[PDB]
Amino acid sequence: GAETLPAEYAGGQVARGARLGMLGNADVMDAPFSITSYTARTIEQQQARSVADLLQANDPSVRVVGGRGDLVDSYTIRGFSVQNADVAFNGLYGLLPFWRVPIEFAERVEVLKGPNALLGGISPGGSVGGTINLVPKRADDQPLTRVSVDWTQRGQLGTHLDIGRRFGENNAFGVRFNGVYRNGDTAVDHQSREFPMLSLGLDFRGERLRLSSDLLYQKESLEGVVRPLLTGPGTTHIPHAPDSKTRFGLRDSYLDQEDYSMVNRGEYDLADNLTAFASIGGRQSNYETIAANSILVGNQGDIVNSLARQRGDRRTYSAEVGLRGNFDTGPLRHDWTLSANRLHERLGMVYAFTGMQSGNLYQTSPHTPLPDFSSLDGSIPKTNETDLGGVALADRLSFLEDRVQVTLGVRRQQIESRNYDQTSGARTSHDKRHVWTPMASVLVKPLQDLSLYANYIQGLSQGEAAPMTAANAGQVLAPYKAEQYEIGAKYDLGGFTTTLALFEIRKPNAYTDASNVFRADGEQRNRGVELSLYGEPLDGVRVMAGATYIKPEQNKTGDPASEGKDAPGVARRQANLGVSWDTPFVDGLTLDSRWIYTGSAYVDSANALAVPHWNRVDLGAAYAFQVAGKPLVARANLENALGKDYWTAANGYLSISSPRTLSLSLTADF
């Protein structure tokens, strides 16, 4: 079953399989890629509210830029940036909240590392580091009436309902509802947040037919918006990170961000060896904000805050259609897939940058003036239109009793966009391109519990427009094609698994040359090693650990100051260690501890501005019991227990850490 939910692995904190785009779901041991899938059980035990909450705490390959006090999270994977807008939904792009994906309705959060253009086509944001994928909850046969209430520092009060039922003869239909409302002061100075959310997972199970519909509504409202710190022209050293409770940006900033979507999916078995599938979905996303980015000035901690208003109205549709089947050519079995997809978007995005206000890193800002931004009032004009569409064919060849598996495929990807001036309405650019893109993989199973593998696959990004100072100001460059080679090994001991991987990812870079011409003449070469252990090695001791090493080389630049240096915002070393322990001496009590480490990194391409390594420690506890015949669970989570302040590096800017943060919750099943 291509859409069959993979089972939980030993310990119940990760799953045994995950999605590979058009190929559907595959088991960890049958996948020639590094995949990880985190369960709803992990989400609930740790009290994780967003994708960033989950991945930062547990995964050694993923690091978050922005954070929960900002309006947006992005993610760094295998030394490249991954946009939140590029998070997939059962494989499909364009259907989840654009700036920050909430996960209290999710059954799984999967990470596939490296590019995967053949498997799912281009990402809307052009990300090539990896693909994160959410799986929605579904109604189980046993009905579910689950209520919890929660408290988060300093005054956020929340409630979450999770209710499921099935109906029709043979439980043919299912309905799962999730409702959340969390409101109050956050852990940062003079900030509050309000968050309502609604989701419905509906499904039908038939003899030859399976259908589902997912509906989601979400809104995040902030009074006070944290923003990055940018370098300046004369920055010579990065100052020490301030107390993470300080809020050094615009005092009276706000955000209102709303997203809602619907997607229908289906499968119909035409015969014992043929199946047709299709999906169609749409998303609306509305954005309103005034806030400011902080620019370093001098080198003792003084800043200038650069103010802006922004408004956004984004309309997206997303579709796929295909067939899957299987036939035997002697001692060779063919498992094949023919697939086509299509994304189309209309965007209105307006903005005005007015205001430069004095500040300081180590002081929470006073009320300052908000400039007159009424020139953006009224209807939001169209500024971009995008169309992405593709066709792909893939075939998995199995032989020697499935112990050798060779996968081949190719995809034709079309790209098109138009842009219009936000004040004038004038047509500015119209890009149209196509690219053919393939994959090849081979997996061998010398033992029933040991797999070895190698892959080759590509990533694609739309070309950038030249800056309006360069000689080719308006011109959009040709697409950037990344190429991955990977080899690895996976060893399942039954109770726990060890994996090892080595990869290389090469991708072109664009820079303004000596003659002031914008060109994709640069190249990046990221080579890395990945190690991980997860499972339940002793009864009642659950462990998730891992470590990565990457050399992110700027191997081709126009500048002797940057040639062969490291790409900015990529630490060479990263590690994570999580433990969860059912105490043998108290019935129903579980203790958790996590340690996250990020090594030193640079902010500039010349590597003149370094930022230090950092560590975060989390502590947790859960006590399960019964009242009047009902199961209940009380939980605590202390994030950043040691109260450390640290910068996360990116390309030309830094984002501040979150303060020590305690959350408490009580769950009951009725």
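All residue numbers are counted from 1 along the displayed sequence.
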Problem set entry | Mean C-alpha B-factor comparison - 93 to 101 and 273 to 281, higher one | 273 to 281
Problem set entry | Of 167 to 175 and 592 to 600, the stretch whose C-alpha atoms average the higher B-factor in the entry | 167 to 175
Exercise. Say you rank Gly206, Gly121, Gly224, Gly201 by Cα B-factor from the PDB entry; which sits at the top?
Worked result: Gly206
Exercise. From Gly234, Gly578, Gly126, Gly359, can you pick the one with the highest C-alpha B factor in the entry?
Worked result: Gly234
Exercise. What third of the chain, by the recorded C-alpha B-factor, contains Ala2?
Worked result: highest
For this session: Give the position of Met22 by CA B-factor within its chain, expressed as the lowest, middle or highest third.
Result: middle
Exercise. Once the chain's modelled residues are ordered by C-alpha B factor and cut into thirds, is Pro631 in the lowest, middle or highest one?
Worked result: highest
For this session: For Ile656, return the chain-relative third of its C-alpha B-factor as stated in the PDB record: lowest, middle or highest.
Result: middle
For this session: Tell me, lowest, middle or highest third: where does the Cα B factor of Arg519 rank within its chain?
Result: highest
